[PDB]
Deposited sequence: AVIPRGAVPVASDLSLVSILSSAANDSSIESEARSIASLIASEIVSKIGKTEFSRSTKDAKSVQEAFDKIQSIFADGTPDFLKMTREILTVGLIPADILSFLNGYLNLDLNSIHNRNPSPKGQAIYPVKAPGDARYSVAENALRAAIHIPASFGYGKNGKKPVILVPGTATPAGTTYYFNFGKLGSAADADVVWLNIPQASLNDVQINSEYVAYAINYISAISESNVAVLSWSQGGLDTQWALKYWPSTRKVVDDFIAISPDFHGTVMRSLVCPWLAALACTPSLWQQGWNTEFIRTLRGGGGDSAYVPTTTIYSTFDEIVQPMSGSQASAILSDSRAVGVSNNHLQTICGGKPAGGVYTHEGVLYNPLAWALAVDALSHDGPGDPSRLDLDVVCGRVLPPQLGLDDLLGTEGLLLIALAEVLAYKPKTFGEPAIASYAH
């Protein structure tokens, strides 16, 4: 199967809403037609000019952003070809062959007080992609777990951004390919994060760091809350565009898809859901470990992502250290404080500088320790280029394919797990 086949099937799928079928058809036909060109971005500034053209009538929603990404010709053929074969890509595998962990048992229960796992150990461990270059904390490199966002596999997501964190920090990346691309129940998705934390810490005999994107923040926060043993081994939680309070919708429709029939994780990411309320209760709205949140006003998925009520904000009632980093505040009226989408924060220079600063100091990332004139003056971190910007934007095409192919669709959020009340 391919991105083209999934979207062509969705275009001919009677269960899907008229507008989404048209977008799927347009995208499937635009990919096969495009498979460099005159319309392609010749530079990084040209890529941003195309993004700013999409934002000309205001911040779009998920469906408008995804449709316009191809209309403006932001994704070149070579990147489209790579994104098209994401399902068969080894980096996105949920069937990785990892050895049994040594030392104290981490399954079924690492420590009293941890929530029971509903997922089998073999399935949890197989979701972890450990690169052959991983040093198991024997080389002075801190293991960093890359947690994916909604409808997008980790492997492809981080290939174009933080998969390269080791080039900027003393970080040894691993990524978690959550089955069904994080579209199932967030409570189930979180188990993969909780297990990955305790597993990577065990094999490395070291504390770890977690870097998450989008829903990845919710998966990590839930794992930290309900598996307290994970809190002791996580030194830094770097959250890119996190929706710790979910997101609002103008109409009575789900986040992302904006329909009546969606997926469990789409429905759970609503502002006033039982999921969000359950997570935020008992201090779940405060950090569990040093947390560095990084978010943008121009987030087309999550709102509000500015002001005092921003979804990304965590309080610090436990006194573990928290920094809530709003791009348009820290880099106000500067290139790094520009039009950075929900996915765009993954290639933001301030996001990278904060991630590096967080990993090199006790506590979270601190903008006061950075040379903000240099950092805010950039459009991309020195570690990333044009293809990284374009590829990260191209993820929306995979996110749409995964959302549309998800079956059976649901009209509401699932029941709250017994351990959470």
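Several segments of the deposited sequence have no coordinates for C-alpha: 1-13, 49-54, numbered from the first residue.
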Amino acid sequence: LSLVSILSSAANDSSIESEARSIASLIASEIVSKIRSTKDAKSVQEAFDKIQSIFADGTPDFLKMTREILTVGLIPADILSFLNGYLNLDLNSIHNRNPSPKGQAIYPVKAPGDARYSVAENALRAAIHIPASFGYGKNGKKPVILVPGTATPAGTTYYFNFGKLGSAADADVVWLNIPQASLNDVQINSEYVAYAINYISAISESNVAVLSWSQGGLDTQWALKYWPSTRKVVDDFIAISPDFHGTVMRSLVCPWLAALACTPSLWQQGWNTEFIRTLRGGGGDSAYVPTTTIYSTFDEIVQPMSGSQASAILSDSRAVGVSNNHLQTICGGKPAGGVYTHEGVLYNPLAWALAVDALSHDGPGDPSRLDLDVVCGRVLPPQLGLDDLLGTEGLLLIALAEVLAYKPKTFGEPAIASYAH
From here on, numbers count along this sequence of modelled residues.
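The PDB entry records a higher mean C-alpha B factor for 25-33 than for its counterpart among 389-397 and 25-33. For the pair 92-100 and 250-258, the mean Cα B-factor is higher in 92-100. For the set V302, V345, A77, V289, the PDB entry assigns the largest Cα B-factor to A77. Ranking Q187, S317, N198, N139 by the C-alpha B-factor listed in the PDB entry places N139 at the top. Residue-level temperature factors show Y86 in the highest third of its chain, judged at the C-alpha atom. Placement of the Cα temperature factor of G163 within the chain: middle third of the modelled residues, per the deposited record. When the CA B factors of the chain's modelled residues are split into thirds, the value for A310 lands in the lowest one.
The PDB entry assigns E121 a C-alpha temperature factor belonging to the highest third of its chain's modelled residues. In the PDB entry, a CA B factor belonging to the middle third of its chain's modelled residues is recorded for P349.
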